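See below for query_3.cif, which holds mmCIF, C-alpha atoms and all ligand atoms; chains and numbers go by the auth columns.
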data_protein
#
loop_
_atom_site.group_PDB
_atom_site.id
_atom_site.type_symbol
_atom_site.label_atom_id
_atom_site.label_comp_id
_atom_site.label_asym_id
_atom_site.label_seq_id
_atom_site.Cartn_x
_atom_site.Cartn_y
_atom_site.Cartn_z
_atom_site.B_iso_or_equiv
_atom_site.auth_seq_id
_atom_site.auth_asym_id
ATOM 1 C CA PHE A 1 95.467 118.885 102.249 0.00 1 A
ATOM 2 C CA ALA A 2 92.580 117.962 104.546 0.00 2 A
ATOM 3 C CA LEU A 3 93.154 115.653 107.517 0.00 3 A
ATOM 4 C CA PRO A 4 91.452 115.366 110.928 0.00 4 A
ATOM 5 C CA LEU A 5 93.250 115.956 114.204 0.00 5 A
ATOM 6 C CA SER A 6 92.461 112.369 115.217 0.00 6 A
ATOM 7 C CA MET A 7 95.116 111.358 112.654 0.00 7 A
ATOM 8 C CA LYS A 8 97.626 114.033 113.698 0.00 8 A
ATOM 9 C CA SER A 9 99.939 111.309 115.032 0.00 9 A
ATOM 10 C CA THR A 10 99.810 109.463 111.711 0.00 10 A
ATOM 11 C CA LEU A 11 101.925 112.170 110.048 0.00 11 A
ATOM 12 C CA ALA A 12 104.514 112.136 112.849 0.00 12 A
ATOM 13 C CA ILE A 13 108.157 111.195 112.337 0.00 13 A
ATOM 14 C CA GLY A 14 108.347 107.414 112.030 0.00 14 A
ATOM 15 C CA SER A 15 105.138 105.439 111.599 0.00 15 A
ATOM 16 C CA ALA A 16 103.977 102.138 110.119 0.00 16 A
ATOM 17 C CA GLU A 17 100.590 103.397 108.900 0.00 17 A
ATOM 18 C CA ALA A 18 99.251 103.962 105.415 0.00 18 A
ATOM 19 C CA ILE A 19 99.556 107.764 105.272 0.00 19 A
ATOM 20 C CA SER A 20 103.322 108.058 105.757 0.00 20 A
ATOM 21 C CA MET A 21 104.064 105.167 103.384 0.00 21 A
ATOM 22 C CA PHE A 22 101.577 105.676 100.522 0.00 22 A
ATOM 23 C CA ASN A 23 100.167 109.213 100.727 0.00 23 A
ATOM 24 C CA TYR A 24 102.582 111.759 102.243 0.00 24 A
ATOM 25 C CA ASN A 25 106.219 111.125 103.149 0.00 25 A
ATOM 26 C CA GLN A 26 107.792 114.324 104.463 0.00 26 A
ATOM 27 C CA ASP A 27 111.293 115.403 103.427 0.00 27 A
ATOM 28 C CA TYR A 28 113.179 116.304 106.610 0.00 28 A
ATOM 29 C CA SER A 29 116.328 117.436 104.774 0.00 29 A
ATOM 30 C CA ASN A 30 115.073 121.047 104.614 0.00 30 A
ATOM 31 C CA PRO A 31 113.546 123.472 107.139 0.00 31 A
ATOM 32 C CA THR A 32 109.860 122.558 107.352 0.00 32 A
ATOM 33 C CA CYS A 33 106.844 123.477 109.475 0.00 33 A
ATOM 34 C CA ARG A 34 103.772 121.224 109.556 0.00 34 A
ATOM 35 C CA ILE A 35 100.831 123.363 110.692 0.00 35 A
ATOM 36 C CA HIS A 36 97.673 121.525 111.775 0.00 36 A
ATOM 37 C CA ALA A 37 95.216 124.357 111.214 0.00 37 A
ATOM 38 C CA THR A 38 91.444 124.630 111.579 0.00 38 A
ATOM 39 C CA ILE A 39 89.079 126.862 109.592 0.00 39 A
ATOM 40 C CA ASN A 40 85.687 127.429 111.184 0.00 40 A
ATOM 41 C CA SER A 41 82.489 127.725 109.157 0.00 41 A
ATOM 42 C CA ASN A 42 82.240 131.499 109.654 0.00 42 A
ATOM 43 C CA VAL A 43 85.592 132.295 108.028 0.00 43 A
ATOM 44 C CA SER A 44 85.188 129.575 105.389 0.00 44 A
ATOM 45 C CA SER A 45 81.980 131.087 103.996 0.00 45 A
ATOM 46 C CA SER A 46 83.041 134.501 102.617 0.00 46 A
ATOM 47 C CA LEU A 47 86.219 133.213 100.958 0.00 47 A
ATOM 48 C CA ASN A 48 84.141 130.151 99.943 0.00 48 A
ATOM 49 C CA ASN B 1 96.499 94.877 137.607 0.00 1 B
ATOM 50 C CA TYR B 2 98.009 94.812 134.126 0.00 2 B
ATOM 51 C CA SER B 3 99.398 91.842 132.241 0.00 3 B
ATOM 52 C CA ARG B 4 102.791 91.232 130.650 0.00 4 B
ATOM 53 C CA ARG B 5 103.706 88.927 127.765 0.00 5 B
ATOM 54 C CA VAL B 6 107.216 88.024 126.603 0.00 6 B
ATOM 55 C CA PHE B 7 107.570 86.580 123.097 0.00 7 B
ATOM 56 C CA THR B 8 110.665 84.505 122.343 0.00 8 B
ATOM 57 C CA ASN B 9 111.533 82.092 119.516 0.00 9 B
ATOM 58 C CA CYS B 10 108.672 83.130 117.239 0.00 10 B
ATOM 59 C CA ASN B 11 108.065 85.342 114.213 0.00 11 B
ATOM 60 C CA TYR B 12 105.786 88.288 114.920 0.00 12 B
ATOM 61 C CA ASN B 13 103.357 90.048 112.597 0.00 13 B
ATOM 62 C CA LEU B 14 102.990 93.423 114.319 0.00 14 B
ATOM 63 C CA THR B 15 100.652 94.570 111.518 0.00 15 B
ATOM 64 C CA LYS B 16 97.934 92.415 113.133 0.00 16 B
ATOM 65 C CA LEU B 17 97.914 94.682 116.191 0.00 17 B
ATOM 66 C CA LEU B 18 98.149 97.959 114.264 0.00 18 B
ATOM 67 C CA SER B 19 95.593 97.165 111.549 0.00 19 B
ATOM 68 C CA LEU B 20 93.043 96.319 114.262 0.00 20 B
ATOM 69 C CA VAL B 21 93.393 99.572 116.243 0.00 21 B
ATOM 70 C CA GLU B 22 93.819 103.249 115.444 0.00 22 B
ATOM 71 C CA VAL B 23 96.756 105.046 117.037 0.00 23 B
ATOM 72 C CA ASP B 24 96.239 108.362 118.821 0.00 24 B
ATOM 73 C CA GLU B 25 99.802 108.883 120.094 0.00 25 B
ATOM 74 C CA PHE B 26 103.044 106.899 120.092 0.00 26 B
ATOM 75 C CA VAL B 27 106.099 107.666 122.232 0.00 27 B
ATOM 76 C CA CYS B 28 109.304 105.826 121.332 0.00 28 B
ATOM 77 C CA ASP B 29 112.912 105.956 122.462 0.00 29 B
ATOM 78 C CA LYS B 30 115.856 104.358 120.591 0.00 30 B
ATOM 79 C CA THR B 31 113.409 102.973 117.967 0.00 31 B
ATOM 80 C CA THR B 32 110.511 104.031 115.748 0.00 32 B
ATOM 81 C CA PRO B 33 107.223 102.283 114.913 0.00 33 B
ATOM 82 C CA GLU B 34 108.483 101.979 111.333 0.00 34 B
ATOM 83 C CA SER B 35 111.511 100.036 112.623 0.00 35 B
ATOM 84 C CA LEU B 36 109.636 98.129 115.338 0.00 36 B
ATOM 85 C CA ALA B 37 108.020 95.948 112.653 0.00 37 B
ATOM 86 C CA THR B 38 111.252 95.097 110.794 0.00 38 B
ATOM 87 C CA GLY B 39 114.020 94.462 113.316 0.00 39 B
ATOM 88 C CA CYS B 40 114.958 91.116 114.817 0.00 40 B
ATOM 89 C CA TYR B 41 114.972 90.902 118.606 0.00 41 B
ATOM 90 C CA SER B 42 116.049 88.600 121.394 0.00 42 B
ATOM 91 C CA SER B 43 112.703 89.147 123.139 0.00 43 B
ATOM 92 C CA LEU B 44 109.572 91.286 122.898 0.00 44 B
ATOM 93 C CA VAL B 45 107.937 92.413 126.153 0.00 45 B
ATOM 94 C CA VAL B 46 104.401 93.783 125.773 0.00 46 B
ATOM 95 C CA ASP B 47 102.550 95.385 128.689 0.00 47 B
ATOM 96 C CA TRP B 48 98.992 96.549 128.122 0.00 48 B
HETATM 97 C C1 LIG C . 95.022 90.281 137.626 0.00 1 C
HETATM 98 O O1 LIG C . 95.646 89.954 136.391 0.00 1 C
HETATM 99 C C2 LIG C . 96.085 88.589 136.323 0.00 1 C
HETATM 100 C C3 LIG C . 96.810 88.430 135.007 0.00 1 C
HETATM 101 O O2 LIG C . 96.766 89.628 134.244 0.00 1 C
HETATM 102 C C4 LIG C . 94.898 87.638 136.472 0.00 1 C
HETATM 103 O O3 LIG C . 95.413 86.316 136.585 0.00 1 C
HETATM 104 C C5 LIG C . 94.736 85.407 135.701 0.00 1 C
HETATM 105 O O4 LIG C . 93.485 84.960 136.250 0.00 1 C
HETATM 106 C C6 LIG C . 92.766 84.042 135.411 0.00 1 C
HETATM 107 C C7 LIG C . 91.459 83.747 136.110 0.00 1 C
HETATM 108 O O5 LIG C . 91.543 84.013 137.503 0.00 1 C
HETATM 109 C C8 LIG C . 93.608 82.793 135.168 0.00 1 C
HETATM 110 O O6 LIG C . 92.915 81.924 134.278 0.00 1 C
HETATM 111 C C9 LIG C . 94.959 83.179 134.578 0.00 1 C
HETATM 112 O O7 LIG C . 95.786 82.027 134.454 0.00 1 C
HETATM 113 C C10 LIG C . 95.652 84.208 135.466 0.00 1 C
HETATM 114 N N1 LIG C . 96.916 84.622 134.880 0.00 1 C
HETATM 115 C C11 LIG C . 98.019 84.839 135.602 0.00 1 C
HETATM 116 C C12 LIG C . 99.234 85.264 134.836 0.00 1 C
HETATM 117 O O8 LIG C . 98.036 84.696 136.820 0.00 1 C
HETATM 118 C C13 LIG C . 94.087 87.965 137.721 0.00 1 C
HETATM 119 O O9 LIG C . 92.876 87.218 137.727 0.00 1 C
HETATM 120 C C14 LIG C . 93.753 89.453 137.791 0.00 1 C
HETATM 121 N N2 LIG C . 93.088 89.765 139.045 0.00 1 C
HETATM 122 C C15 LIG C . 91.817 90.174 139.118 0.00 1 C
HETATM 123 C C16 LIG C . 91.294 90.445 140.494 0.00 1 C
HETATM 124 O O10 LIG C . 91.125 90.319 138.118 0.00 1 C
HETATM 125 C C1 LIG C . 79.389 133.423 113.135 0.00 2 C
HETATM 126 O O1 LIG C . 79.065 134.813 113.310 0.00 2 C
HETATM 127 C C2 LIG C . 77.711 135.043 113.733 0.00 2 C
HETATM 128 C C3 LIG C . 77.520 136.540 113.786 0.00 2 C
HETATM 129 O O2 LIG C . 77.261 137.077 112.496 0.00 2 C
HETATM 130 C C4 LIG C . 77.460 134.358 115.076 0.00 2 C
HETATM 131 O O3 LIG C . 76.093 134.520 115.437 0.00 2 C
HETATM 132 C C5 LIG C . 77.804 132.876 114.990 0.00 2 C
HETATM 133 O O4 LIG C . 77.690 132.275 116.274 0.00 2 C
HETATM 134 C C6 LIG C . 79.223 132.686 114.462 0.00 2 C
HETATM 135 N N1 LIG C . 79.532 131.273 114.315 0.00 2 C
HETATM 136 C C7 LIG C . 80.150 130.558 115.262 0.00 2 C
HETATM 137 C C8 LIG C . 80.393 129.114 114.940 0.00 2 C
HETATM 138 O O5 LIG C . 80.493 131.052 116.330 0.00 2 C
HETATM 139 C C1 LIG C . 81.835 131.520 96.462 0.00 3 C
HETATM 140 O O1 LIG C . 81.594 132.602 97.385 0.00 3 C
HETATM 141 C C2 LIG C . 81.821 133.897 96.806 0.00 3 C
HETATM 142 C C3 LIG C . 81.645 134.910 97.912 0.00 3 C
HETATM 143 O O2 LIG C . 82.207 136.166 97.555 0.00 3 C
HETATM 144 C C4 LIG C . 80.865 134.116 95.634 0.00 3 C
HETATM 145 O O3 LIG C . 81.158 135.369 95.027 0.00 3 C
HETATM 146 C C5 LIG C . 81.007 132.996 94.611 0.00 3 C
HETATM 147 O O4 LIG C . 80.012 133.133 93.603 0.00 3 C
HETATM 148 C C6 LIG C . 80.867 131.630 95.282 0.00 3 C
HETATM 149 N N1 LIG C . 81.082 130.560 94.318 0.00 3 C
HETATM 150 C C7 LIG C . 80.115 129.738 93.882 0.00 3 C
HETATM 151 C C8 LIG C . 78.742 129.964 94.446 0.00 3 C
HETATM 152 O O5 LIG C . 80.341 128.851 93.066 0.00 3 C
#
When written as structure tokens, how does the structure in this file appear?
Amino acid sequence: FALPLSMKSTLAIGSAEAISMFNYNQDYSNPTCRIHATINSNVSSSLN
Amino acid sequence: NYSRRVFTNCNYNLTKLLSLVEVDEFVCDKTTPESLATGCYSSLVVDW
């Protein structure tokens, strides 16, 4: 999904904010990797 | 010169602090922000 890096602490383990309780609760029973990536405008113009 | 408050013998609504600010990073030991708003305490020391 799309989420700014200003809210990168909102998805962290244990939080009382609206993302981790209404939008995305992460299952930590399996091997996971949460990658906060960034796609610049040059790459995200040929693959549209 | 920072200030300290200790809250005893009262019921706290910690949502009032968190719905008024936006959190950039939290660092907790022995608790979580999800459990900081639900547990009952003998005292609550806040330094800001
Ligand atoms: C340093 O902080 C303390 C408290 O955080 C300030 O003390 C308060 O000062 C006001 C006005 O001088 C008083 O009305 C309060 O009752 C004081 N509170 C306490 C707990 O003493 C103090 O003024 C601050 N120092 C400076 C230089 O700003
Ligand atoms: C994208 O590539 C062009 C070269 O074709 C370059 O001039 C431009 O600065 C690049 N965009 C960014 C954000 O660096
Ligand atoms: C998205 O970009 C690609 C670039 O290869 C283009 O072929 C495609 O038509 C674009 N889609 C649009 C304009 O809806």
query: Contacts of residue 34 (chain A) at 10 Å or less, counting only C-alpha atoms, minus same-chain residues fewer than 6 places along, as a list in words?
result: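 Here the answer would be residues 11, 12 and 26 of chain A.
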task: Tell me the residues of chain A close to chain B, meaning within 6 Å using all atoms listed in the file, as a PyMOL selection string.
output: chain A and resi 9+14-16
Restricting it to C-alpha atoms, dump the selection as a tab-separated table (two decimals), in the coordinates of the input.
chain	number	residue	atom	x	y	z
A	9	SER	CA	99.94	111.31	115.03
A	14	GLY	CA	108.35	107.41	112.03
A	15	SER	CA	105.14	105.44	111.60
A	16	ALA	CA	103.98	102.14	110.12
On this structure, the PyMOL selection byres (((not hetatm)) within 9 of (chain C and resi 2)) would catch which residues? List them as an mmCIF file with C-alpha atoms, keeping the file's coordinate frame, sorted by chain and number.
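File selection.cif, as written:
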data_model
loop_
_atom_site.group_PDB
_atom_site.id
_atom_site.type_symbol
_atom_site.label_atom_id
_atom_site.label_comp_id
_atom_site.auth_asym_id
_atom_site.auth_seq_id
_atom_site.Cartn_x
_atom_site.Cartn_y
_atom_site.Cartn_z
ATOM 1 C CA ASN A 40 85.687 127.429 111.184
ATOM 2 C CA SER A 41 82.489 127.725 109.157
ATOM 3 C CA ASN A 42 82.240 131.499 109.654
ATOM 4 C CA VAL A 43 85.592 132.295 108.028
#
message: Just want the residues within 10 Å of ligand LIG 3 (chain C), written as an MDAnalysis selection string, counting only C-alpha atoms and all ligand atoms.
response: chainID A and resid 44:48
task: Using all atoms listed in the file, pick whichever of B:40, B:21, B:27, B:6 has the shortest atom-to-atom distance to ligand LIG 1 (chain C).
output: B:6
Computed interatomic separation between CA of residue 28 (chain A) and CA of residue 13 (chain A) (Å): 9.2 Å
query: Residues picked by the PyMOL selection byres (((not hetatm)) within 12 of (chain C and resi 1)) here, as an MDAnalysis selection string?
result: chainID B and resid 1:6 47:48
Residue subset to file, keeping C-alpha atoms, as a PDB file, in the coordinates of the input:
ATOM      1  CA  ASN B   1      96.499  94.877 137.607  1.00  0.00           C
ATOM      2  CA  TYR B   2      98.009  94.812 134.126  1.00  0.00           C
ATOM      3  CA  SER B   3      99.398  91.842 132.241  1.00  0.00           C
ATOM      4  CA  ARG B   4     102.791  91.232 130.650  1.00  0.00           C
ATOM      5  CA  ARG B   5     103.706  88.927 127.765  1.00  0.00           C
ATOM      6  CA  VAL B   6     107.216  88.024 126.603  1.00  0.00           C
ATOM      7  CA  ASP B  47     102.550  95.385 128.689  1.00  0.00           C
ATOM      8  CA  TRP B  48      98.992  96.549 128.122  1.00  0.00           C
TER       9      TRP B  48
END
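Reported to one decimal place, the separation of CA of residue 23 (chain A) from CA of residue 5 (chain A) is 16.6 Å.
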- request: Measure the distance from CA of residue 21 (chain A) to CA of residue 41 (chain B) in Å and round it to one decimal.
  value: 23.5 Å
What box, with edges along x, y and z, holds each listed atom of region 18-35 of chain A when 5 Å is added on every side, and can you state its centre and edge lengths in Å to one decimal, as JSON?
{"center_x": 107.8, "center_y": 113.7, "center_z": 105.6, "size_x": 27.1, "size_y": 29.5, "size_z": 20.2}
- request: Kindly resolve the PyMOL selection byres (((chain A and resi 1) around 12) and not hetatm) on the present coordinates and return the residues as a PyMOL selection string.
  value: chain A and resi 2-4+23-24+34-38
